[PDB]
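First comes the structure, then the notes that go with it.
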2 protein chains.
Amino acid sequence: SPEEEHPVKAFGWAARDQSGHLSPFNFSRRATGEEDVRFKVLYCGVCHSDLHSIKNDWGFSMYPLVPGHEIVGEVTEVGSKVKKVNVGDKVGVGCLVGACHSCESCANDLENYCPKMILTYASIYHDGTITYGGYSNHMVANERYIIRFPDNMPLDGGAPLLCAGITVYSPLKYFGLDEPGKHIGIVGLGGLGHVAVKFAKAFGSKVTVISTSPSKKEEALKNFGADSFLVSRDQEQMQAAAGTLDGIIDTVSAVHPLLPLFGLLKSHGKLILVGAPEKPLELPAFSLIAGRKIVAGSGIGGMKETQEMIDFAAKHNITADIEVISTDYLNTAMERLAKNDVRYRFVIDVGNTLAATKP
Amino acid sequence: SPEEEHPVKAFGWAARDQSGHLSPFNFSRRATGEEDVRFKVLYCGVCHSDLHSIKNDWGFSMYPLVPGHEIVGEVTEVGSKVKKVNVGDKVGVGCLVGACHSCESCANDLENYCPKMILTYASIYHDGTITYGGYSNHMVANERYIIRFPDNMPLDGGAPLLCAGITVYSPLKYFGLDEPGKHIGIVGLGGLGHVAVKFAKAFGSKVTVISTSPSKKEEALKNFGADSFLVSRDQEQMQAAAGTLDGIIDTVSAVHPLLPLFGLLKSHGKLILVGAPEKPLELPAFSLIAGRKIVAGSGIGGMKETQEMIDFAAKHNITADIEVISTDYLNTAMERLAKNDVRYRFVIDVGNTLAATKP
Ligand SMILES: NC(=O)c1ccc[n+]([C@@H]2O[C@H](COP(=O)([O-])OP(=O)(O)OC[C@H]3O[C@@H](n4cnc5c(N)ncnc54)[C@H](OP(=O)(O)O)[C@@H]3O)[C@@H](O)[C@H]2O)c1
Ligand SMILES: NC(=O)c1ccc[n+]([C@@H]2O[C@H](COP(=O)([O-])OP(=O)(O)OC[C@H]3O[C@@H](n4cnc5c(N)ncnc54)[C@H](OP(=O)(O)O)[C@@H]3O)[C@@H](O)[C@H]2O)c1
Ligand SMILES: [Zn+2]
Ligand SMILES: [Zn+2]
Ligand SMILES: [Zn+2]
Ligand SMILES: [Zn+2]
């Protein structure tokens with residue numbers, strides 16, 4: 001059983017089948033090694049990936065499954081060789097917890113692109129055991145995967161930056177869309193979406209938000225500072241913005257029309273897919289061929305950059321607009337997420353609400 | 001009527017409806033302007049795009065339509081402002097005959113990416129008249145769009161370089177796949193494919209040919225010099241070559257699986273689509289996200305690069321493997337092309353067989 005698998009006892013909420021239903025779950029985590037760092041989970045943002053996983057949208061999920069990879073907390077214990085963190089420090093873990101550490105991806109600081117990269121949850125760790133997420137009391141990871149929380153960065157509103165944040169930030173840099181004056185487009189004003197707008201503006205880019213929810217317009221223009229708002233379903237409106245974007249970050253979590261998006265790209269424009277629909281997308285070759293445009297994909301970021309991201313976010317006072325919930329509210333939160341009903345990001349107040357849920 | 005439109009009488013073969021039936025057609029062309037170069041058509045390769053066009057695969061097609069954009073002939077006349085071609089010179093005309101000549105892509109020798117770019121056939125010229133291609137007797141184009149054939153370049157075997165040639169050459173240079181060490185892949189050993197292989201080998205690159213016709217394995221390996229042949233519909237075969245290509249030039253003229261191509265690509269590898277399928281292709285986001293891979297589009301090339309491409313081919317003894325046909329064989333050749341039954345390139349011998357078809 002999972003309660004006997006490791007020495008130190010653990011508690012959290014897990015799904016047992018593709019119904020995605022979460023409920024108290026008893027498990028355990030490995031003992032704290034020389035390079036590991038142990039910390040009490042204070043907060044953990046709810047990412048749409050946690051939803052896809054528990055519902056088995058990709059048919060990769062193995063149960064029981066404990067989601068959560070936007071973890072934030074307080075260090076309690078650390079191994080003898082730990083160097084950058086002490087007990088009492090505020091730290092966080094993202095979507096990565098390990099890799100092979102020897103290929104060229106790792107050496108170049110891209111543990112996220114290692115063929116043996118280990119995901120924070122629903123993956124197989126170096127010891128062959130199933131990895132469990134941040135929807136739990138405590139966490140333990142190698143110092144290399146431990147992010148340091150700047151002192152002026154709130155523990156709850158900065159949590160989603162660990163995944164949603166690093167994920168949109170990374171592509172804006174790598175594809176040269178973090179240049180002032182440039183015109184960037186963010187498809188889907190959701191978790192990753194609204195964070196992107198914030199980094200894009202922070203870089204000094206004129207920003208266009210492409211959404212299916214006209215009731216987010218005002219918030220997009222007036223709170224996130226987007227310079228333009230487009231309802232992807234209104235062709236007259238879309239067509240007007242034809243060839244105005246140097247690049248686009250697509251965070252859409254479901255299959256959706258790509259043609260219209262290309263139509264918004266200037267010549268040689270770039271479409272960066274970051275969202276993960278359960279099914280294949282429709283790509284019209286002439287959309288690429290006409291203009292020599294490209295469609296690229298990006299997944300989170302390596303550990304190094306993830307750190308550069310939170311530091312940057314803390315300097316510019318960038319944070320996720322969140323809604324703090326109780327552990328026992330997880331099921332309702334998940335349906336609300338599936339139904340586009342969260343004003344950007346749910347974050348679980350694990351510290352003050354997890355314990356009370358044990359039978 | 002097309003024969004009254006202009007002052008100089010022309011003759012060729014056109015399609016009148018989407019059945020694609022080609023037959024004699026009487027039209028005309030504008031008079032030789034100050035910067036124009038007039039020439040007698042001697043040859044005209046047959047590109048699959050001609051077939052798509054005449055069957056209206058892309059819905060754009062308009063009739064009557066005269067295909068042909070791999071035109072080679074002898075200059076019969078030149079305006080007073082022509083600088084590099086004299087009467088009697090061997091010239092070529094590719095997919096372009098015009099453009100705005102007053103924007104960034106044109107100013108950067110990318111007439112092909114100009115929004116007002118003009119296609120050799122089925123497009124509207126600067127004088128607002130429809131353009132008819134190379135399946136005709138004579139031809140006339142502004143000096144800018146005239147390719148000067150190199151002395152050591154056969155007119156018939158070099159005709160397809162004017163389109164098939166530049167289309168695979170451009171991406172090879174633009175996406176950095178033009179150098180030894182790079183392991184390149186070419187999908188679809190057809191008109192553009194076999195030529196794509198030659199340029200590739202010429203650049204010193206190692207090459208992998210992905211085909212659906214096992215009976216081409218030898219011509220590819222022994223004659224083109226491919227370092228490896230793969231049968232797309234062979235799991236075990238394809239599987240083995242996973243993650244071994246720095247980039248791929250996809251020339252397929254129809255819908256086909258993409259997942260297998262991303263499978264062959266290395267981390268950060270590039271898939272370059274040059275084939276113009278009729279329907280969109282399936283694109284699983286994970287394939288790109290998994291290893292930050294790219295899917296780019298590319299169409300022919302700029303005038304400057306086209307001239308360079310053929311000068312490169314000449315120095316490297318590169319020509320298309322063709323099959324010369326009489327004009328009256330057009331409909332049979334069109335049926336054979338559609339059935340992937342041409343050992344690389346049908347080339348109309350216009351200079352010796354058109355006139356004999358004029359009623
Ligand atoms: N590759 C990576 O590294 C990585 C990292 C994190 C997350 N992801 C993936 O990114 C996606 C988004 O996660 P979130 O950002 O966590 O999700 P979310 O908050 O649910 O936001 C998704 C946003 O997209 C739009 N959307 C939803 N359904 C849509 C539909 N049928 N058609 C068009 N637009 C739709 C909505 O925006 P509008 O109201 O503006 O339309 C929705 O606000 C998920 O697939 C997740 O798995 C990938
Ligand atoms: N974007 C541009 O600038 C540009 C320029 C010129 C042409 N094109 C387009 O490029 C394509 C190829 O033109 P060609 O090179 O002129 O055509 P082609 O000679 O017909 O060659 C196409 C080659 O692809 C493969 N093929 C055909 N049907 C297939 C299918 N259902 N599944 C998998 N492979 C298939 C065959 O190769 P195997 O026997 O090896 O499978 C065929 O030899 C056309 O769509 C054309 O319109 C684009
Ligand atoms: Zn996530
Ligand atoms: Zn590695
Ligand atoms: Zn062509
Ligand atoms: Zn132009």
Side-chain angles (χ1 to χ4, degrees), chain B residues 1-16 22 24-44 49-50 53-54 60-103 106 111-112 114-149 159 162-163 300 302-303 306-307 327 348 350-351 354-355 358:
Chain B
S1 60
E3 29 198 347
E4 290 176 354
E5 238 179 3
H6 307 294
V8 185
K9 284 168 192 170
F11 175 59
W13 278 44
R16 273 74 174 190
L22 297 162
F25 177 61
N26 282 171
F27 62 126
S28 49
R29 294 184 184 302
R30 70 166 185 289
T32 292
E34 275 183 354
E35 286 169 357
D36 295 348
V37 176
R38 199 173 213 82
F39 68 102
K40 170 188 171 65
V41 176
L42 300 179
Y43 296 111
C44 186
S49 288
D50 289 338
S53 292
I54 70 180
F60 291 126
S61 307
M62 66 157 95
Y63 309 84
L65 193 169
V66 178
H69 58 202
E70 283 181 356
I71 329 169
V72 181
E74 204 191 82
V75 182
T76 56
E77 185 176 359
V78 299
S80 57
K81 290 190 170 186
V82 182
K83 320 166 186 180
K84 297 175 193 174
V85 313
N86 298 129
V87 176
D89 284 348
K90 304 307 168 182
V91 292
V93 169
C95 214
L96 301 172
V97 291
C100 95
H101 302 149
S102 51
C103 78
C106 287
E111 299 87 0
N112 55 316
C114 172
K116 309 291 180 183
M117 60 106 97
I118 302 176
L119 294 172
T120 291
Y121 67 82
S123 191
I124 305 297
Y125 196 63
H126 298 301
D127 60 5
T129 67
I130 315 164
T131 53
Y132 307 96
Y135 294 22
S136 51
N137 72 294
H138 72 291
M139 178 64 218
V140 61
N142 180 287
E143 197 186 354
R144 181 156 184 167
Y145 304 83
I146 291 284
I147 295 295
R148 309 179 48 166
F149 252 68
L162 293 172
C163 175
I300 62 184
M303 287 316 297
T306 302
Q307 186 66 58
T327 314
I348 308 168
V350 180
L354 179 66
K358 194 172 181 174

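Side chains are part of it too, since the values below use all heavy atoms of this structure and drop only hydrogens, waters and symmetry mates. Every chain is numbered from 1 and lettered A, B, ... according to where its sequence line falls, protein lines coming before strand lines.
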Using modelled atom types and a 3.5 Å cut-off, is there a donor and acceptor pairing between side-chain atoms of [X] and backbone atoms of [Y]?
X: B:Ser123; Y: B:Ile130; value: no
X: B:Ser61; Y: B:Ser53; value: yes
X: B:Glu5; Y: B:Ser28; value: no

Roughly how far apart are [X] [atom1] and [Y] [atom2], rounded to 0.5 Å?
X: B:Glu77; Y: B:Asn86; atom1: CD; atom2: CG; answer: 13.5 Å
X: B:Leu96; Y: B:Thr131; atom1: CG; atom2: OG1; answer: 11.0 Å
X: B:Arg148; Y: B:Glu143; atom1: CZ; atom2: CD; answer: 8.5 Å

B:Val87, B:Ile71, B:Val78, B:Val140 screened by side-chain contact (heavy atoms from CB on, under 4.5 Å) with B:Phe39, the one that passes: B:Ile71

Side chains of [X] and [Y] in contact at under 4.5 Å (non-hydrogen atoms):
X: B:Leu119; Y: B:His69; answer: no
X: B:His6; Y: B:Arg30; answer: yes
X: B:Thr76; Y: B:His138; answer: no
X: B:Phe11; Y: B:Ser136; answer: no
X: B:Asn26; Y: B:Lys9; answer: no
X: B:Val93; Y: B:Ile146; answer: yes
X: B:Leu162; Y: B:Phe149; answer: yes

Worked verdict on B:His101 versus B:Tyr145 for ring-ring contact (aromatic ring centres under 6.0 Å, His included): CA-CA 12 Å; B:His101 302 149; B:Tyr145 304 83; 5.6 Å; yes

Residue of the set B:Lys40, B:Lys90, B:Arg38 for which salt bridge (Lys or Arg N to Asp or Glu O under 4.0 Å) holds with B:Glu74: B:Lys90

Chi angles and distances behind the side chain to side chain contact (heavy atoms under 4.5 Å, CB included) call for B:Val72, B:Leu42: CA-CA 6 Å; B:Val72 181; B:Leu42 300 179; 5.8 Å; no

Audit row: B:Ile348, B:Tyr43, side chain to side chain contact (heavy atoms under 4.5 Å, CB included) steps and yes/no: CA-CA 6 Å; B:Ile348 308 168; B:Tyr43 296 111; over 6 Å; no

[X] to [Y] - nearest heavy-atom pair and separation:
X: B:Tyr135; Y: B:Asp50; answer: OH-OD2, 2.6 Å
X: B:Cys114; Y: B:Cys103; answer: SG-SG, 4.3 Å
X: B:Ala31; Y: B:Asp36; answer: O-OD2, 3.7 Å
X: B:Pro67; Y: B:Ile54; answer: CG-CG2, 3.4 Å
X: B:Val97; Y: B:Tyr125; answer: O-CE1, 3.8 Å

Trace of the side chain to side chain contact (heavy atoms under 4.5 Å, CB included) decision for B:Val66 with B:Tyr121: CA-CA 7 Å; B:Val66 178; B:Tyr121 67 82; 5.7 Å; no

Residues B:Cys106, B:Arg144; criterion side chain to side chain contact (heavy atoms under 4.5 Å, CB included); working and verdict: CA-CA 11 Å; B:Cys106 287; B:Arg144 181 156 184 167; 4.1 Å; yes

Counterpart residues, side-chain hydrogen bond (donor to acceptor under 3.5 Å, both in side chains), relative to B:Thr120 (two or more places apart): none

Contacts of B:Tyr132 that satisfy ring-ring contact (aromatic ring centres under 6.0 Å, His included) - sequence neighbours left out: B:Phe25, B:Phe27

